[PDB]
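Here is the structure we will look at.
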Amino acid sequence: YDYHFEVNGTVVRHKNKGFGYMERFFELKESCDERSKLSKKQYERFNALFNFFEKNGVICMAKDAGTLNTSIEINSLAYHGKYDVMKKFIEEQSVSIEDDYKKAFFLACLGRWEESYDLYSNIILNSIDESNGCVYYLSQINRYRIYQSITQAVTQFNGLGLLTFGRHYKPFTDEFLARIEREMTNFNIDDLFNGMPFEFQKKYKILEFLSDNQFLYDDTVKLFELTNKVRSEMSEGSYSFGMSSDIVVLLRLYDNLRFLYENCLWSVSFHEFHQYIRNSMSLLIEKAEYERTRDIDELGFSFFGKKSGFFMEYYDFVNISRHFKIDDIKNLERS
Amino acid sequence: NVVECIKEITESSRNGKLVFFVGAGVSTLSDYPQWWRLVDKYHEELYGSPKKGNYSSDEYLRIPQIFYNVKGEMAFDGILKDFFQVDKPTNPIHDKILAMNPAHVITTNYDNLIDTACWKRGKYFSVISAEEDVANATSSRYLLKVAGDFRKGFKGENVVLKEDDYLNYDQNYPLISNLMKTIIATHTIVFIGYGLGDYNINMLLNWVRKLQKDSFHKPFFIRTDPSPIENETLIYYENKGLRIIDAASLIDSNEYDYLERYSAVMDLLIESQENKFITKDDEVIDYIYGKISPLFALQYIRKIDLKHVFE
């Protein structure tokens with residue numbers, strides 16, 4: 001908590017009184033004359049930082065912020081539904097342990113949960129020699145979530161059975177279901193971040209949130225506030241003529257999709273994450289209806305005449321398809 | 001008795017105060033090559049063939065040291081690299097050991113079998129095998145490999161095997177003895193896979209005589225030998241500070257069937273922890289009481305927290 005990093009690429013300094021070290025960092029970015037005063041053992045530690053923020057999106061500070069042009073590209077085959085590319089990627093040969101973490105996520109997305117549990121299992125044998133542990137801790141999480149996914153199936157394939165798919169069918173053998181409840185019944189997901197070295201803690205302190213629901217908590221609180229002030233600007237008949245009041249809900253949405261599909265986390269198949277996406281995009285369409293049927297009665301807007309509108313791109317069609325039910329779309333079509 | 005030892009191992013496992021002392025007698029339930037098969041190989045490069053004679057101990061101690069002095073240290077290293085690049089599985093004993101939830105695991109073994117079972121669950125253990133790893137450690141759970149390990153080389157210097165290594169153990173490894181002895185006085189120590197005459201057990205029982213009367217807790221010794229213990233040997237070692245649970249005095253098995261005796265005690269510990277022996281209906285009015293008698297100091301308890309009370 002030395003600098004607010006907002007979702008528009010600006011930086012606002014809060015809770016800091018010492019040397020402002022992000023202000024001096026973006027002075028290094030703009031000028032070249034402040035470079036070449038850098039040590040060669042420190043200058044190679046700059047091209048990695050400059051590529052870190054041009055990949056992630058931290059452009060400048062709050063004061064020297066001009067345009068807010070920010071597109072989006074979720075480069076992940078699981079976001080796009082390339083199924084026949086994934087089959088040819090699992091049939092391909094293993095190369096590293098990073099290419100098997102990206103593999104086991106693809107079998108999970110393909111419903112091959114018997115073989116993806118086994119593939120996460122091999123990564124747990126191998127990743128201690130990786131000296132990083134982030135492939136280890138994220139595989140411990142992802143394997144536990146595949147396990148919890150094969151328990152809600154067997155209490156619904158062996159529970160419901162008839163009305164779901166034909167008769168009482170068994171996608172998992174009786175040997176497998178019996179054995180995985182033996183290898184991981186002493187597991188506690190609440191103590192997975194605590195049972196790791198103090199070098200992995202305080203260097204990956206942002207990953208204790210993936211054990212539970214508190215990686216959605218700061219966005220759920222900001223949905224529930226920005227919902228209430230869009231609904232109350234709509235029950236008032238008020239039309240702001242600048243930036244949209246729910247551009248936070250759009251940018252904070254696509255951070256959560258580019259975090260979880262790129263880093264290959266099986267938390268994309270939750271109910272609580274599916275429910276965050278549809279409440280975020282119901283608000284973006286309920287406001288998009290509100291803004292295209294407006295009336296100024298002043299022969300159009302003089303200064304706001306070049307205002308753009310919300311329109312469905314490709315990424316908005318995919319987020320309604322995966323995350324809405326049909327009754328969620330039925331409401332959105334009658335409202 | 002067996003029954004009070006059942007309790008004190010369980011309620012020390014629930015406090016973060018249970019440490020095993022794992023021997024070579026459970027690395028070979030997972031079938032790792034024993035040391036007597038090495039000394040038969042060292043006997044065949046120096047001499048012709050081992051005319052056994054039941055191995056009087058004066059040959060059983062010196063033969064690694066003799067081939068060390070004569071042939072060169074290069075040959076002592078590759079024979080270890082021959083016999084110990086084997087990649088063996090884990091027995092159910094290792095799974096039952098870690099399901100008993102240890103704070104530490106001390107071990108006299110130079111294999112890597114217990115660390116791989118510790119990597120496969122939700123807990124991290126700082127491996128100390130050498131002398132340098134005491135300061136550059138991580139997270140206060142320690143897999144303490146007191147005999148050395150081949151995690152940084154199959155050379156013979158890393159592991160103590162010879163007789164120049166037993167009497168120079170306090171000189172070469174000062175900090176691995178001090179950290180071994182600190183865990184013993186603090187924690188509750190259970191031995192796994194020793195045979196009551198050992199260089200790792202009798203060098204412990206001589207240090208324990210140097211302590212005061214009640215300045216330590218008595219270690220537990222899970223004994224798995226086919227012939228059962230006699231009472232006088234059970235007198236002599238209980239007087240020296242070992243509470244021996246004998247596995248042959250609870251089940252009966254053949255003189256070649258080890259895993260049944262090793263599991264009849266470890267199932268007796270875990271299924272005491274995972275409560276399966278509760279009858280007479282006045283044993284339920286003190287299992288529930290022991291989880292709720294702390295909570296009388298609170299006026300109201302959330303109903304989502306009472307599931308964490310009852311585990």
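Chain labels run A, B, ... following the order of the structure tokens; each chain numbers its residues from 1, and ligands are numbered from 1 in the order shown.
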
Check every residue of chain B for an atom within 6 Å of chain A, counting only C-alpha atoms, and provide those that qualify as a compact mmCIF listing (two decimals) with C-alpha atoms, in the first residue's frame.
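Generated output (selection.txt):
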```
# COMPACT_ATOMS: atom_id res chain seq x y z
CA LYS B 120 2.97 -34.50 -2.43
CA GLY B 122 -0.07 -29.45 1.51
CA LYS B 123 2.99 -28.89 3.70
CA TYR B 124 6.60 -27.87 3.05
CA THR B 138 13.09 -21.64 5.14
CA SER B 139 10.06 -22.34 7.24
```

- Message: If we count only C-alpha atoms and set the cut-off at 6 Å, which residues sit around segment 104-115 of chain B, ignoring sequence neighbours fewer than 5 positions away in its own chain? Please answer as a PyMOL selection string.
- Response: chain B and resi 19-23+141-149

Could the residues in this selection be written to a file with C-alpha atoms, as a compact mmCIF listing (two decimals), in the first residue's frame?
```txt
# COMPACT_ATOMS: atom_id res chain seq x y z
CA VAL B 19 8.26 -35.71 15.54
CA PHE B 20 9.21 -39.07 14.10
CA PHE B 21 12.72 -40.48 13.98
CA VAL B 22 12.62 -42.52 10.77
CA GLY B 23 15.06 -45.39 10.38
CA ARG B 141 9.44 -27.51 9.54
CA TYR B 142 12.56 -29.61 9.15
CA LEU B 143 13.28 -32.89 7.44
CA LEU B 144 16.56 -33.44 9.28
CA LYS B 145 18.70 -36.02 7.47
CA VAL B 146 21.34 -36.57 10.14
CA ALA B 147 23.44 -39.07 8.20
CA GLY B 148 23.91 -36.92 5.12
CA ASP B 149 22.13 -37.25 1.82
```

- Considering only C-alpha atoms, return as a PyMOL selection string whatever protein or nucleic-acid residues lie within 12 Å of residue 282 of chain A, sequence-local ones (same chain, fewer than 5 positions apart) excluded. chain A and resi 223+227+230-231+246+249-250+275-277+287-289+316+319-320+323-324+328-333+335

- Message: If we count only C-alpha atoms and set the cut-off at 10 Å, which residues sit around segment 39-52 of chain A, ignoring sequence neighbours fewer than 4 positions away in its own chain? Please answer as number ranges by chain.
- Response: A: 25-26, 28-29, 35, 56-59

- Message: When you look at segment 252-257 of chain A with a cut-off of 12 Å (counting only C-alpha atoms), what residues show up, excluding the ones that are within fewer than 6 positions of it in the same chain? I need them as number ranges by chain.
- Response: A: 5-9, 56-57, 70-76, 78-80, 215-223, 226, 246, 263-269, 273-281, 283-284, 315-316, 318-319, 323

Which of segment 109-253 of chain B DSSP labels alpha helix (DSSP H), written as a short mmCIF file (atom, residue, chain, number, x, y, z; two decimals) with C-alpha atoms, in the first residue's frame:
```cif
data_model
loop_
_atom_site.label_atom_id
_atom_site.label_comp_id
_atom_site.auth_asym_id
_atom_site.auth_seq_id
_atom_site.Cartn_x
_atom_site.Cartn_y
_atom_site.Cartn_z
CA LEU B 113 11.87 -41.18 -0.07
CA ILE B 114 10.37 -39.23 2.81
CA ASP B 115 10.88 -35.81 1.14
CA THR B 116 8.97 -36.89 -1.97
CA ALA B 117 6.05 -37.95 0.19
CA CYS B 118 6.21 -34.56 1.92
CA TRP B 119 6.19 -32.73 -1.42
CA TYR B 169 30.66 -36.68 13.57
CA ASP B 170 30.88 -34.08 16.32
CA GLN B 171 33.74 -32.27 14.55
CA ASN B 172 32.48 -32.27 10.97
CA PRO B 174 28.44 -29.67 14.99
CA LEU B 175 25.23 -27.87 14.06
CA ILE B 176 23.32 -30.94 12.91
CA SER B 177 23.81 -32.55 16.32
CA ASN B 178 22.68 -29.44 18.19
CA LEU B 179 19.54 -29.13 16.11
CA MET B 180 18.83 -32.85 16.43
CA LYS B 181 19.12 -32.65 20.21
CA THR B 182 16.97 -29.52 20.45
CA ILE B 183 14.03 -31.24 18.72
CA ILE B 184 14.29 -34.18 21.15
CA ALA B 185 14.04 -32.12 24.34
CA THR B 186 11.23 -29.99 22.93
CA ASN B 202 22.67 -45.99 21.74
CA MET B 203 24.42 -42.71 20.98
CA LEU B 204 21.10 -41.09 21.86
CA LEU B 205 20.64 -43.06 25.09
CA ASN B 206 24.08 -41.96 26.29
CA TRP B 207 23.17 -38.30 25.82
CA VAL B 208 19.89 -38.82 27.67
CA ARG B 209 21.76 -40.14 30.72
CA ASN B 231 9.79 -58.13 30.13
CA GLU B 232 13.31 -57.60 31.49
CA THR B 233 14.53 -55.99 28.25
CA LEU B 234 11.34 -53.93 28.49
CA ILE B 235 12.44 -53.05 32.03
CA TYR B 236 15.97 -52.05 31.01
CA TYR B 237 14.95 -49.75 28.19
CA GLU B 238 11.98 -48.16 29.95
#
```

- Message: DSSP on the backbone: which residues in segment 110-310 of chain B end up as strand (DSSP E)? Give the answer as a ChimeraX atom specification.
- Response: /B:126-128,142-145,188-192,220-223,243-246

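Atom to atom, atom CA of residue 181 of chain A and atom CA of residue 98 of chain B stand 16.0 Å apart.
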
- Note on the structure: Restricting to only C-alpha atoms, whichever of B:38, B:211, B:259, B:222 is closest to residue 78 of chain B is B:38

- Note on the structure: Atom pair atom CA of residue 83 of chain A + atom CA of residue 102 of chain A, distance 14.2 Å

Write out as a tab-separated table (two decimals) with C-alpha atoms, in the first residue's frame each polymer residue whose atoms come within 9 Å of residue 188 of chain B, counting only C-alpha atoms; drop sequence neighbours fewer than 5 positions from it.
```
chain	number	residue	atom	x	y	z
B	8	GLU	CA	0.06	-39.30	24.16
B	9	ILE	CA	1.00	-39.82	20.52
B	12	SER	CA	0.71	-34.46	20.69
B	13	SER	CA	-0.11	-34.79	16.98
B	17	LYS	CA	4.36	-31.47	18.84
B	18	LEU	CA	4.93	-34.82	17.13
B	19	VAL	CA	8.26	-35.71	15.54
B	20	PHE	CA	9.21	-39.07	14.10
B	183	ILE	CA	14.03	-31.24	18.72
B	217	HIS	CA	10.02	-36.52	27.89
B	218	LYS	CA	10.57	-40.18	27.24
B	219	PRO	CA	10.72	-41.07	23.52
B	220	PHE	CA	8.43	-43.72	22.11
```

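In this model, the gap between atom CA of residue 309 of chain B and atom CA of residue 291 of chain B comes to 6.4 Å.
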
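With only C-alpha atoms as the basis for measurement, B:62 is the residue among B:41, B:307, B:62, B:302 that approaches residue 161 of chain B most closely.
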